[PDB]
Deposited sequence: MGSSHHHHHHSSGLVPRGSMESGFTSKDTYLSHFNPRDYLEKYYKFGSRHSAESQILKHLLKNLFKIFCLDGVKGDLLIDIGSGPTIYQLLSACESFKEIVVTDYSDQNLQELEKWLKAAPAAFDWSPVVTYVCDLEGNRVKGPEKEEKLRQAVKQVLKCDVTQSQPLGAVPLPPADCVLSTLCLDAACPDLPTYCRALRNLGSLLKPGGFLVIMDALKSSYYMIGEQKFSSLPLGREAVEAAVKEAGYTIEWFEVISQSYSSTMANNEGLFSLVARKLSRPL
């Protein structure tokens, strides 16, 4: 405990990178949701719409489908799963932060105090051709989420003792940049996630490019500032082949993150 009043990201003064324990104390899921996912044409909304469009393309237009998808580092959000529930029978959501899991469980039970994902749900329904409306989509997703679990990407077994069948897909959006303090940890985390995947299973990653921090209001958290070349190197070294890789220049507002664009990739676990 050594507060630095924003000079450096919280929990980073000694080591140079936010300790994971900081996500149990100073990460407020409600403030995060209100700041990034309220959904006008704000920088945050444009980023979110591009994530949703790519997730729509990956799970609905491409062939990424199967029995089990594991969402690694879900945070308190479900936007990343709306299209996925159309192609996967079972979805497991995971995060390191207990507060994030509680916010997820509130939404799963449709508790009145849960965050309102309706305008995001409607947008995804629009993308998918308006075959259903918001509430039917929301219920389909809710029925698809079978488990809410603790995850720690720095551990050889990221989900601990919890048994799961080998997954068809591992999805991780806006997680690895924040969870991995260096590239060796990043590569090892991708390797650890591979133990959850069937041979030839799909790895789907979306995250910020060249971002050293991000803000939840005035609370600053560390980010690993990766370029496209380092990301590709880590994924390949972790035992995957990249099927496609996209870079977009759109960035968060300077008051929320110092990223230079976002990347999206789909990979498959090698031999």
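- Numbered from the first deposited residue, the unresolved ranges run 1-7, 47-48, 281-283.
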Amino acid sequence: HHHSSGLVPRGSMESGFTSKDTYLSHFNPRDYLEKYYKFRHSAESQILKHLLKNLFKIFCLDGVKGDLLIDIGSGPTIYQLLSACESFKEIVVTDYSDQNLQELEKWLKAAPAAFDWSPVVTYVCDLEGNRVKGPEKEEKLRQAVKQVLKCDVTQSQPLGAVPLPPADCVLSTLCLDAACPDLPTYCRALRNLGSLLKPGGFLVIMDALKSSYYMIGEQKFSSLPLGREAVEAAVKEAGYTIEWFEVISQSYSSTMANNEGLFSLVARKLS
From here on, numbers count along this sequence of modelled residues.
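Throughout, rigid core stands for the largest set of C-alpha atoms superposing within 1.5 Å between the two forms.
- RMS Cα deviation from the shown model in 5 other deposited structures of this protein, rigid core fit, is larger for 40-48 than for the other stretch of the pair 209-217 / 40-48.
- Judged by mean Cα B factor in the deposited record, 105-113 ranks above the other of 105-113 and 89-97.
- Taking only CA atoms, the mean B-factor in the PDB entry is higher for 61-69 than for the other of 209-217 and 61-69.
- When the C-alpha B-factors of 226, 48, 33, 55 are read from the PDB record, the largest value belongs to 226.
- Between the residues 81, 196, 127, 120, the entry's highest C-alpha temperature factor is the one at 127.
- The PDB entry assigns residue 176 a C-alpha temperature factor belonging to the lowest third of its chain's modelled residues.
- Among the modelled residues of the chain, residue 140 sits in the lowest third by CA temperature factor in this PDB entry.
- Remark: residue 242 belongs to the middle third of its chain, ranked by C-alpha B-factor as recorded.
- Per-chain ranking of the deposited C-alpha B factor places residue 202 in the lowest third.
- Ranked by C-alpha B-factor against the other modelled residues of its chain, residue 254 falls in the highest third.
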